[PDB]
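Okay, here's what each chain looks like letter by letter:
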Amino acid sequence: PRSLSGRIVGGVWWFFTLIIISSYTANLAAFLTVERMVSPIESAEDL
Amino acid sequence: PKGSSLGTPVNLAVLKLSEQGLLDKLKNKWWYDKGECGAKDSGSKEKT
């Protein structure tokens with residue numbers, strides 16, 4: 001129940017994992033965004 | 001040297017070189033072109 005001791009532990013640990021999974025999601029979005037940014041050499045100006 | 005013959009000639013030469021953008025060109029050649037760190041190129045590199 002409301003065991004304040006281990007209670008804040010579950011809360012802080014939750015806030016901890018929240019940040020991590022958010023970071024993973026954000027970063028993973030960037031790896032696909034940049035993956036598209038890489039434009040193939042279509043013309044000479046690209047070289 | 002004070003009161004030299006090359007005095008005036010060289011002076012004008014420097015002004016001529018700058019107006020022809022030759023001075024700016026030289027700097028770009030040894031500072032950025034010959035450089036090892038493309039700053040505007042590292043920001044243009046959308047792959048990192």
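- Its PDB header attributes the entry to X-ray crystallography and lists the resolution as 3.60 Å.

- Under the PDB entry, chain B has the name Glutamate receptor 2 and belongs to Rattus norvegicus.

- Chain A has the name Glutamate receptor 2 in the PDB entry, where Rattus norvegicus is given as its organism.

1. With respect to the overall build of chain B
- A count of helical and extended segments in chain B gives 3 helices and 0 strands.
- For chain B, the succession of helices and strands along the chain, N to C, is α-α-α.
- Oriented by its inertia axes, the alpha-carbon framework of chain B measures out at about 60 × 20 × 10 Å.

2. Section: the overall build of chain A
- The helix and strand tally for chain A stands at 1 helix and 0 strands.
- Taking the principal axes of its C-alpha atoms as reference, chain A extends roughly 70 × 10 × 5 Å.

3. So, the packing of aromatic side chains
- Taking 5.3 Å as the distance between ring centres and 20° as the angle between the ring planes, the aromatic pair formed by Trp13(A) and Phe16(A) counts as stacked. One end of the pair is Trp13(A) and the other is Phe16(A), both in helix 1 (residues 4-37) and 3 residues apart, which spans about a single turn.

4. Brief notes about helix 1 (residues 7-19) of chain B
- Over its 13 residues, helix 1 of chain B runs 19 Å from end to end, which matches the ideal 18 Å to within 8%, given 1.5 Å per residue.
- Note on helix 1 of chain B: the residue one or two positions beyond its end, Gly21(B), has a positive phi of about 65°.

What counts, and at which threshold
Residues numbered from 1 in each chain as written, not as in the entry; some residues may be left out. Chains lettered and ligands numbered in written order. Part of a larger assembly, values for the part shown. Heavy atoms only, no water. Residues with missing side-chain atoms left out of burial classes, pairs and counts. Helix = DSSP H or I, 4+ residues; strand = E, 2+ residues; numbered from the N terminus. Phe/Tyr/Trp six-rings, centres within 6.5 Å; stacked < 30°, edge-to-face > 60°. Expected span 1.5 Å × (residues − 1).

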